[PDB]
Structure formats: structure tokens, C-alpha cells
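Chemist: Everything below, folded, please.
(one chain, ligands or ions: 5)
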Amino acid sequence: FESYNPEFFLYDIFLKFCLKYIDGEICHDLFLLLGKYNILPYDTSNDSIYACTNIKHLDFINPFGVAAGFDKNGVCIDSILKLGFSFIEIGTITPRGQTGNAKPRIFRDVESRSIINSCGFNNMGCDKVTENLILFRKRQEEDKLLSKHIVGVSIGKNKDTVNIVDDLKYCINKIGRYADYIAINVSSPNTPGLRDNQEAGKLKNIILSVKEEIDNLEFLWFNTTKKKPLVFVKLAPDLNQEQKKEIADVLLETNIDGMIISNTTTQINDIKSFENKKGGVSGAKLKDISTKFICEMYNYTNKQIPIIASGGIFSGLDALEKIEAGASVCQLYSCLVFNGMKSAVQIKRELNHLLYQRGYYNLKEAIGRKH
Ligand SMILES: Cc1cc2nc3c(=O)[nH]c(=O)nc-3n(C[C@H](O)[C@H](O)[C@H](O)COP(=O)(O)O)c2cc1C
Ligand SMILES: CCCCCCCCOCCOCCOCCOCCOCCO
Ligand SMILES: CCCCCCCCOCCOCCOCCOCCOCCO
Ligand SMILES: C/C(O)=C(\C#N)C(=O)Nc1ccc(C(F)(F)F)cc1
Ligand SMILES: O=C(O)c1cc(=O)[nH]c(=O)[nH]1
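Modeler: Numbering: from 1, shown residues only. Ligands and ions are numbered 1, 2, ... in the order given. The coordinates are given below.
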């Protein structure tokens, strides 16, 4: 075993320990601290050119990135990317820093590889996170192994903010220049009233405001693409067909660059250890629900809006199911929690194998093949 490799057995011993004894958020923060101090293992393999993917000019070296919320403040972007991910969606930052809901607010259920959280948009604020992203961009600029890595920024509203657009615009003005794309978060179930912004009418206004604000912002782009950040919207899977269809029409009207399918769900209640817990559920129990959601939106949007998959992706098989359902790229969170540091290297290898086995010459060919 190569001790610098994410697959080094020692990291699995650590993973077992963490999962067995350590509080969810404490472990998470410890992990981010390890990454901040750059003492995490890293992937040294070269990514298959056959598994590269894209969403317009956004070129991902591999189809795996880490979902929003994992590095809410962008404290160790480099370290996380070097685990083998092609991109990371930092934050889900708010104009002002806020503490989030009362702890403990993150619980694991290993048997079902599920997580439930009621974090509440805890983050250091757009100002501080921008500084962290700026530091990364400068670092990315001197390093070359990160030149093609992508960083997206998830944005939301502060707990008391009346008009979400006011917060979105503030964040864009501050960090938009350093983002490869912006993720409009209107699907968190831990911020009262936030999900109402998924109503076709409101969502349309929000998306246009975000796009205009990005244009109004426009060496210029200190990001990877060297172009203005694309716009994605992250949706909750707890919507009825009518709602999804109306949203689908808005996404086409607003010509949104992409849609991150499925944030956590609130319709799961078959998990024993989560009965007395609040928040959104992530993990295996969310996979089918979110995959189906992808199928629907892919159809409802006539395969015109690129999809970033999120929800219960742990293996290459799970990723292929998301891909064949219409997803062009995948985001992981729970996988990192349950499979640990070897998450990226492992899932990439699995997907390459599976793509080969099934007879695909590349990953793109598989996108939507479940038609
Ligand atoms: C502790 C925790 C915090 C999260 N924070 C955010 C966030 O700030 N913004 C966001 O868009 N999603 C957030 N998510 C949702 C994940 O990005 C992802 O959509 C969801 O967990 C489904 O992926 P998974 O099944 O692979 O875990 C969070 C999830 C967890 C478990
Ligand atoms: C200090 C050494 C402790 C060793 C414990 C050995 C347990 C044997 O499991 C072997 C396979 O582990 C592979 C890595 O898995 C990491 C994630 O483990 C999930 C929980 O596993 C529970 C059983 O250990
Ligand atoms: C099912 C019961 C499992 C019990 C497991 C006991 C595990 C104790 O874990 C200690 C080993 O983890 C090593 C730490 O690696 C993570 C960070 O690496 C940074 C470098 O650290 C070197 C000093 O450890
Ligand atoms: C609930 C929870 O456990 C988390 C969250 N969020 C989390 O990041 N955990 C977590 C993060 C990293 C590891 C490892 F180091 F092993 F790779 C293990 C667990
Ligand atoms: O910060 C949070 O509570 C949060 C945000 C989000 O988008 N999803 C989630 O499950 N939690």
C-alpha cells in the first residue's frame, strides 16, 4: 500500500473509527481541518479521457465532484479536489455569516448509508468564503495539477432575509468573479420558506436576476473557465409532477445552464434512527427518488438542460444510472462520508470499468441512453 494513496488501508481504519464513534459534524470538521493543513492522501492517477464530461464550456476532467455543503466555506478546496474529484461546489454561502441550527444537526445511519441534517446554512459568510476561494484561485494559478479543476459556488439567503434575490445578488457581486458556475439554492429544507422559491413564478425571477447580476458583474474572470460562471439551480425532490413541469418550463424559458437534481428529501420516514430527527435525508435512501427526478426533468425539459446529479451515488453503477437517466456529471457527499477518502479514486475506477463492460466508447455516449 502507498501511504499517500486514498486507498491506503490506514484510511479505512480511520473511516471505521469515525463512523463507529465520532459525531457527524465533529468528524466532518476534523476532516476539513486535515484538508486545510494539506495532510490528506491524494489521487496520483491520470483520469481516463473516456470519462471526461462537460456542461457547455464547463469541461470536467472526470464526472465526479463533491456536492455543496461538504466544504461550505471553501477551507480546503485543493485538498478535497486532490482526492480525485474534477470539481467541488463550495458553500451554499449567504451574504452574512450565520451559525445555522442548534447542534447536533447531522446524523448518520450506516446500515442504510443515509444521513439527515438540519444544518441551517451555517457558513462564515460571503466575504470570508470569497477570500478562501480567491486564495484557491491564486494557488491554482501556480499549481498545474489543478488548472482544469472546476469550482462552483452555491448561494442562498440568510435566515432573516426577506427577498432572496437581495442575497443572491450580493454573493454574486462578491464571489461570482471567482466561480466557474453558480448554484442557486432554493431547495434546502432547513431554511423556512426557502423551498417556496421553487414556485415557477418566483424561480423565474430568481434565475433571471442571477443571470443579469452575473452579466452586470462582467483577468476579468479569475476562475478556471476564464468565462462568466454558468448558472445552475438546485431542486428539492419533494415536488409534485405539476410543480416539476412548471419548473421545467421556467428552466427552458430562462435558458438556465443546468439543473442540479435533488437536494435532500423530507419524504423519507422509514429510517428508525431518524424518527426523532429533523432535516433533509441524503444517502442510499435518496438514490431512486433523485434518479427518477432526473428522468422526469430530463424529459420535461426535452433533454435541453444539462443535469448535475446528486443523491445516493456511491458506486460506478449508481453513477451510470444517474448518467443514463440524463445526468451529465455527478456530485458526491454521502459517499465521501461512508466510503471515506478513497471515494473518488474508487468510484471513478468503478465507472470506467462499468462503462467499458457495457460497451461504451466514452461516458458522454451514456448520457440519457435510458431514453
Ligand atoms: C451535512 C450536510 C450538509 C449539506 N449542505 C448543503 C448546502 O449547504 N447546500 C446544498 O446545496 N446542499 C447541501 N447538502 C446536500 C448535498 O449537497 C447533496 O445534494 C445531498 O446530500 C445528496 O447527495 P448524497 O446522497 O450523495 O449525500 C448537504 C448535505 C449534508 C448531508
Ligand atoms: C485497529 C484495526 C481495526 C481493524 C478492524 C477490522 C474490521 C475488518 O473489516 C475489514 C474490511 O474493512 C475495509 C474498510 O472498510 C472501511 C469502512 O468500514 C465500514 C464499517 O465496517 C464495519 C466492520 O469493520
Ligand atoms: C470498528 C472499530 C474500529 C476501531 C478503529 C480504531 C482506529 C483508530 O484510527 C487511527 C488511525 O487513523 C490514522 C489517521 O489518518 C488520518 C489523517 O492522516 C494524517 C496523518 O496522520 C498521521 C498520524 O496518524
Ligand atoms: C456525518 C459525517 O460523518 C460527515 C459529514 N458531513 C463526514 O464528513 N464524515 C466523514 C468525513 C471524512 C471521513 C474520512 F476521513 F474517513 F474520510 C469519514 C467521515
Ligand atoms: O445547510 C443546510 O442545512 C442544508 C442545505 C441544503 O441545501 N441541503 C441540506 O440538506 N442542508
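Chemist: now for the one helix or strand residue 245 maps to, which elements pack on it?
Modeler: Residue 245 belongs to helix 241-253 when assigned by DSSP states H and E. In terms of contacts (3 or more Cβ pairs under 8 Å, 6 or more residues apart in numbering; DSSP states H and E), helix 241-253 is packed against helix 200-217, helix 284-300. No exception for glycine: its C-beta is placed from N, CA and C like everyone else's.
Chemist: So which elements touch the longest one?
Modeler: I take that to be helix 200-217. helix 164-175, strand 181-185, strand 230-235, helix 241-253.
Chemist: quick one: the helices in this protein?
Modeler: 9-21, 24-36, 77-81, 126-142, 164-175, 200-217, 241-253, 284-300, 316-324, 334-339, 343-358 (DSSP state H).
Chemist: Was I right to think residue 93 contacts residue 156?
Modeler: Yes: at 7.4 Å, residue 93 counts as touching residue 156 under the criterion of Cβ atoms under 8 Å.
Chemist: the more surrounded of the two?
Modeler: Per other Cβ atoms under 10 Å, whichever of residue 93 and residue 156 has more neighbours is residue 93, with 33 against 28.
Chemist: residues in contact with the more buried one?
Modeler: Listed by Cβ atoms under 8 Å, 6 or more residues apart in numbering, the contact set of residue 93 reads 72-73, 123-126, 129, 153-156, 171, 175.
Chemist: same thing with residue 221?
Modeler: By Cβ under 8 Å, 6+ apart, the residues touching residue 221 are 177, 227-229.
Chemist: Could you report the separation of it from ligand 5?
Modeler: Look at residue 221 and ligand 5: by Cβ to the nearest ligand atom, to the nearest Å, they are 26 Å apart.
Chemist: Residue 256 now?
Modeler: Counting by Cβ to the nearest ligand atom, the gap from residue 256 to ligand 5 is 17 Å.
Chemist: one step back: buried ones in the helix holding residue 245?
Modeler: Going by neighbour count (16 or more other Cβ atoms under 10 Å), the buried part of helix 241-253 is 244-248, 250-251.
Chemist: So which residues on this protein come close to ligand 1?
Modeler: Neighbours of ligand 1 within the chain, by Cβ under 6 Å from any ligand atom: 67-69, 72, 92, 106, 115, 117, 119, 154, 185, 188, 234, 263-264, 282-283, 286, 310-313, 332-335.
Chemist: One more pass at 5 Å, please.
Modeler: Contact residues, the chain versus ligand 1 (Cβ under 5 Å from any ligand atom): 67-69, 92, 106, 115, 117, 154, 185, 234, 263, 282-283, 286, 310-312, 333-334.
Chemist: of those residues, list those near ligand 5.
Modeler: Among those, ligand 5 is touched by residue 263 when using Cβ under 5 Å from any ligand atom.
Chemist: For the contacts of residue 221, which two are the farthest from each other?
Modeler: Pairwise distances across those peak at 11.3 Å for 177 and 227 (criterion: Cβ to Cβ).
Chemist: Give the bridge partners for residue 185, please.
Modeler: Beta-bridge pairing for residue 185 (DSSP bridges): residue 234.
Chemist: number of nearby residues for the residue of the stretch 101-250 of the chain found nearest ligand 3?
Modeler: The stretch 101-250 of the chain approaches ligand 3 most closely through residue 110 (10.7 Å), counting by Cβ to the nearest ligand atom. For residue 110, the tally of surrounding residues (other Cβ under 10 Å) stands at 13.
Chemist: circling back: now for the helices and strands packed on helix 241-253, which one comes closest to ligand 2?
Modeler: Here helix 284-300 is closest among the helices and strands packed on helix 241-253 (Cβ to the nearest ligand atom), at 13.8 Å.
Chemist: Check which residues of that closest one are buried.
Modeler: 284-287, 289-291, 293-300.
Chemist: Tell me which residues are up against it.
Modeler: 112-114, 235, 237, 241, 244-245, 247-249, 259, 261-262, 264-265, 267-268, 270-271, 305, 307, 309-314, 318, 321-322, 325-327, 334, 368, 370.
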